[PDB]
């Protein structure tokens, strides 16, 4: 992706978008009990912790586009993945408005706490002023969609979240690109059944883990991924995407039965108009992280990408023996023969992608079930039930999270959610976690599950 045009919003008649400039994150009562290094992301240019230019830092992810046609490797990659998705009988019929807004199996209700986007944010109109959980009212929403239409600017927010020392200093805060309520609803009508099918079928046919529950899903992953593991991280995946990858996505969608017109919303994602505080800008390429479907669409594109690279480097490859699972940029995969991920990564550079294989690196001469990670978690087979696999979030990451809060009123929910992650690290680790929690008076006011209870519920869940 590449920023093609930026100018002061007032020159185009847009008001300044007044977005949060000060973090909601504050040290929790556990800030001194546990160790950590992370701090709230930089949200504004004047932050005294900056060791770089903020506005340049947050937009540096837009590294450019490779301008190429959909080549022979991409075409075969699209065909192969499309054949898998054909197995799922995805409906391209529009999803009913009420189902797409207020909830249905496989598609949770539109989140009422996130930004309604433009123009609502300039008018002080919130999602709850238009929508109502209790009534499922669609009347005001239909008025608003008729009144303002579709293809509205996206509003860029700086994500308020903990970041490493280096990412604070470098100003590498992440951005959230909020679609207008109008476009979110319209995309959920157009693609809602696709979203539903993906959410209900995480695994190696969708090649997707979007919506998965790691407590359940991680025992299935080694059954699905039979061979020599391959795994990748990317640097700035979303913003690195060039328009050719969106063209591949449109081709895949059409093979699923979507009309050319129904794929027009992919152009809205690819060639996109954004408002950031007092500026507005156009991007050619780049997935606007935060719009409807971006995790699922990122995952589908990653399925095309990896196949393309394998086809290009290993002309003799058999994709029918390849398996992969993606969550956006994150990939875990396998093939029955060893594959040199460093060759795939160099091939990816020719397509405008910045890939880092999970193996060396170093300390990792070979990706194994011992050292591979997915969604930030390791894999550890249970010692007693070897066919059940624990997702293992590192205790260091849990410690980082528990030391801050965006609202101490949610302490009970926050700590409990962390307990549900922590116990997979083992009983001694969990008991120490609980001891430290209880070393602050708040900690003794919380309902904390016992280890044996967490283990018993986990075993029973299968």
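Numbering follows the first chain given and starts at 1.
Annotation: residue 386 does not belong to the positions left without coordinates in a third of the other compared entries; each one with flanking residues models it.
Residue 20, present in the displayed chain, goes without coordinates in a third or more of the other PDB entries compared that cover both sides of it. For the two regions 137 to 145 and 333 to 341, the entry's Cα B-factors average higher over 137 to 145. Of the two segments, 319 to 327 and 98 to 106, the one listed with the higher mean B-factor is 98 to 106 (C-alpha atoms only). When the C-alpha B-factors of 410, 425, 401, 65 are ranked from the entry, the top spot goes to 410. Out of 294, 113, 197, 184, it is 113 whose C-alpha atom has the highest B-factor in the PDB entry.
When the CA B factors of the chain's modelled residues are split into thirds, the value for residue 238 lands in the lowest one. In the deposited entry, the Cα temperature factor of residue 380 sits in the middle third of values across the chain's modelled residues. In the PDB entry, a CA B factor belonging to the middle third of its chain's modelled residues is recorded for residue 265. Sorting the modelled residues of the chain by their CA temperature factor places residue 36 in the middle third. Annotation for residue 25: CA B-factor lies in the middle third of the chain's modelled residues.
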